[PDB]
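One structure below.
Atoms within each ligand, like the ligands themselves, are counted from 1 in listed order. For the single chain, residues carry numbers from 1 onward in sequence order.
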Amino acid sequence: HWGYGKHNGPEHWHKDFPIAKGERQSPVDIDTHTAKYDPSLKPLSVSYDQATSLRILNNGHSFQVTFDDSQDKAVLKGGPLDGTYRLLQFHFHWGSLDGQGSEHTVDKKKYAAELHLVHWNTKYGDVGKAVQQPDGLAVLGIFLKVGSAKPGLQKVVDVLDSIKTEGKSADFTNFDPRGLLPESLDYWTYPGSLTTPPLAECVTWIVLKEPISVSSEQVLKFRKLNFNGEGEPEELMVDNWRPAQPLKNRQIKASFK
Ligand SMILES: NS(=O)(=O)c1ccc(NC(=O)NCCO)cc1
Ligand SMILES: NS(=O)(=O)c1ccc(NC(=O)NCCO)cc1
Ligand SMILES: [Zn+2]
């Protein structure tokens, strides 16, 4: 199956998922000079106070923290969105070196990693239905640069040794995702896709201008995860990012000047 290696990586995905060459694929390069300030964009509303994290999982492509999405506990609204979107999970994409790892780029600059907080539109009832709709998901993307540690990330980093290989999971309750957010909620937004198969064109992307800083020790712990399962040849889970895709007939809008 699909992955990030030489014979199954992003350049191969279109053979099983032909929408990979579609009209609204993600990620993209955010050319900050060409993005247009849209004063009609509302501030983003992030309501995570009642979030209920449940589990952390190595899925063979990333690690994800999953939340109770059976009620409006952690929701994203406002910004470019109409209606309410429930947080389902977050995960990361990262590199083998600090100069690569993000999926979106900013003026061609790559960050060391990118956090995706994945939300689905409650009017569609469940995430599997939402992925079939052009406005089904809203993913909040946050860049990670390497410098000072992010204290709110540490609880995540410290459990990664218990989910080293594909398929491992652990209980992961009481995690507050507000500890992962930068100060500013200024954002760029554009219509796009899932960045992993099935690459469905169902995402309103909301990418924050302000990166968070994580420490070298924190990102090193990401790089000790494995793509493989136990008993299989060890392949470090690094460079699990899709490169920027053609913007085609899309404009990126900025909530800020
Ligand atoms: N989804 S995808 O990137 O188009 C893909 C799917 C299966 C493969 N299969 C494969 O590489 N099989 C060899 C097994 O050991 C490769 C690429
Ligand atoms: N990397 S990404 O664009 O944030 C992403 C988010 C969700 C998914 N998939 C998902 O939510 N599947 C649930 C329904 O099948 C895949 C990729
Ligand atoms: Zn992602």
Exercise for review: Before accepting this row, confirm whether a basic side-chain N of the pair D126/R86 lies closer than 4.0 Å to the acidic partner's carboxylate O.
Suggested key: no
Practice item. Determine, considering heavy atoms only, which of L194, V203, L88, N240 sits nearest to atom 5 (C) of ligand 2. Key: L194
Check your understanding: If you count the atoms of ligand 2 from 1 in the order shown, which ones are under 4.0 Å from a heavy atom of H93?
Key -> 1 (N)
**Study point:** hydrophobic_cluster_shared for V118 and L208, side chain cutoff 4.5 Å
**Key:** no
Check your understanding: For atom 17 (C) of ligand 2, what's the nearest protein heavy atom and its distance?
Key -> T196 OG1, 3.2 Å
Check your understanding: Is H12 touching ligand 1 with its side chain, its backbone, both, or neither, if touching means heavy atoms under 4.0 Å apart?
Key -> both
Practice item. Determine the interplanar angle of the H12 and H7 rings, folded into 0 to 90°, and report it as parallel if under 30°, tilted if 30 to 60°, perpendicular if over 60°. Key: tilted
Review point. Within the structure, does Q89 bring an N/O atom to less than 3.5 angstrom of an N/O atom in ligand 2?
Key: no
**Study point:** Electrostatic pair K109:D107 at N-O distance under 4.0 angstrom
**Key:** no
Practice item. Give the numbers and elements of all ligand 1 atoms closer than 4.0 Å to a heavy atom of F17. Key: 1 (N)
Review point. Numbering the atoms of ligand 1 from 1, which are under 4.0 Å from a heavy atom of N8?
Key: 3 (O), 16 (C), 17 (C)
Review point. Between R55 and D171, does at least one N-O distance fall below 4.0 Å, as a salt bridge requires?
Key: yes
Point to revise | Any non-hydrogen protein atom less than 4.0 Å away from atom 12 (N) of ligand 1 | key: no
Practice item. Could you tell me if the ring centre of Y4 sits under 6.0 Å from that of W241? Key: no
Review point. Nearest protein heavy-atom contact for atom 1 (N) of ligand 2: which residue, which atom, what distance?
Key: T195 OG1, 2.8 Å
Check your understanding: Applying a strict 4.0 Å limit to heavy atoms, is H91 in contact with ligand 2?
Key -> yes
Review point. Should the pair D82-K77 be classified as a salt bridge under the 4.0 Å nitrogen-to-oxygen rule?
Key: no
Exercise for review: With heavy atoms of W205 as the reference, note each atom of ligand 2 found under 4.0 Å away.
Suggested key: 3 (O), 4 (O)
Check your understanding: For atom 10 (C) of ligand 2, which protein heavy atom lies nearest, and how many Å away is it?
Key -> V131 CG1, 4.5 Å
Check your understanding: Can we say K164 and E234 salt-bridge, meaning some charged N sits less than 4.0 Å from an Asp/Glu carboxylate O?
Key -> yes
Point to revise | Identity and distance of the protein heavy atom lying nearest atom 6 (C) of ligand 1 | key: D16 OD2, 3.2 Å
Study note, to complete from the structure: Of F67, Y48, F90, the one forming a ring pair (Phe, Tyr, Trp, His ring centres under 6.0 Å) with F175 is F90
Review point. Which atoms of the protein, restricted to N, O or S, are nearer than 2.8 Å to the Zn ion (ligand 3)?
Key: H91 NE2, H93 NE2, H116 ND1
Review point. Between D186 and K209, is the closest basic N to carboxylate O distance under 4.0 Å?
Key: yes
Review point. In terms of residue, atom name and distance, what is the protein heavy atom nearest to atom 9 (N) of ligand 1?
Key: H1 N, 4.0 Å
